[PDB]
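Input: a single structure, listed below in structure tokens.
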Amino acid sequence: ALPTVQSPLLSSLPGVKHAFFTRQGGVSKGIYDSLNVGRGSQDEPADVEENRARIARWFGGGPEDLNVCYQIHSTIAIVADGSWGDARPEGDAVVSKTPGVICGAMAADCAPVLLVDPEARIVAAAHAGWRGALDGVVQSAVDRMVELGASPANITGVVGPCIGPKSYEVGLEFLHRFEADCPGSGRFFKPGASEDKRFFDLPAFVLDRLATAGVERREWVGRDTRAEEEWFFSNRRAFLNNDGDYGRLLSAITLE
């Protein structure tokens, strides 16, 4: 029933269920309209819990089976072998080899990444904003999966809805940070509204991180959170509209 964005690269995997959720299908009101999963947001806590329950039910489980971190834009990848209840451990990636565990990541412009090694039977959900992506959250998630038994060369990784290259405007300090800290990343920047601006291609950069991490099977679903208000929440759109907060989209994967 819940609308979802799914990838052909993951939908064919038996015993594995994944989904990049939209803003539709929930109970939240106003700027949070329907499916807001942000426990750290200013929305009604009860509604947020109901939205999380709906998503958990889509997966065939319950709220306990949902594992989502207190995201801090780090490269910290946490392993989940069971329910955390209402606990939100600090981190930006959830990894598991345990059936029933739903690994989830939240976003509203940043890039969610779902990964899986279909042979070792290991899954993971990562939160890759510009900071996490630059610092290595993708490689970290892959490394954590490997600790559980995964093999880089057998991992499939998909980037979900996020702010697109036609929507992500950034300044020169941002540009220079990437050019200096990540050699060659300048190719992911495009001409902006002025010489003082540039458009950053986040999904392309994240795909590059996956490739550098040994992930050979990858893709971006090609959905722009900022551009498609009909389907996605967007921090950038919230900024431009002067909203003091925004709804959060969930992206998750699980070993059935």
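Taking the deposited numbering as reference, the numbering of the sequence shown is continuous, increasing by one, and the terminal residue is 260.
For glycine and all other residues, C-beta sits at the position ideal for the given N, C-alpha and C.
Entirely within the region 139-177 and at least 4 residues each: give me those alpha helix (DSSP H) ranges in chain order. Listed in chain order, the complete alpha helix (DSSP H) runs (minimum 4 residues) inside the region 139-177 are 141-151.
Alpha carbon of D85 to alpha carbon of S198, nearest angstrom: When rounded, the separation of the alpha-carbon atoms in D85 and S198 is 49 Å.
If we ignore side chains and look at the alpha-carbon of each, how far apart do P187 and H180 end up? Cα to Cα, the separation comes out at about 11 Å.
Look at the Cβ atom of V162, then the Cβ atom of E220, and state whether they are nearer than 8 Å. No, the pair does not count as a contact, with Cβ atoms beyond the cut-off.
Compare the beta carbon distance of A208 and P169 with 8 Å and say whether it is the shorter of the two. A contact, by the Cβ cut-off of 8 Å.
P7 in three-state terms, based on DSSP: In the structure shown, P7 sits in coil (DSSP, three-state: anything other than H, G, I, E or B).
For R148, count neighbouring C-beta atoms within 10 Å of its own C-beta (all shown protein chains included) and say buried if the count is 16 or more, exposed if not. Looking at its Cβ environment, which holds 16 or more other Cβ atoms inside 10 Å, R148 is buried.
Looking at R58: is its Cβ nearer than 8 Å to the Cβ of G19? It is not a contact, given that the beta carbons lie outside the stated cut-off.
Is the beta carbon of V127 closer than 8 Å to that of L119? For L119 and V127, yes; Cβs fall inside 8 Å.
In angstroms with no decimal places, state the Cα-to-Cα distance between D205 and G64. C-alpha separation (whole angstroms): 35 Å.
Report all residues from its chain with a CB closer than 7 Å to the CB of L214; omit the five preceding and five following residues, and keep chain order. Only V142, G161, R222 meet the Cβ criterion.
In the structure shown, what three-state DSSP assignment does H77 receive? In the structure shown, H77 sits in coil (DSSP, three-state: anything other than H, G, I, E or B).
Checking 8 Å against the spacing of the C-beta atoms, do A97 and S144 come in under that value? In this structure, the beta-carbon distance from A97 to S144 falls below 8 Å.
Find the nearest neighbour of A91 within the set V99, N71, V83, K101, judged by alpha-carbon distance. Out of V99, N71, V83, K101, the CA that lies nearest to the CA of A91 is found in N71.
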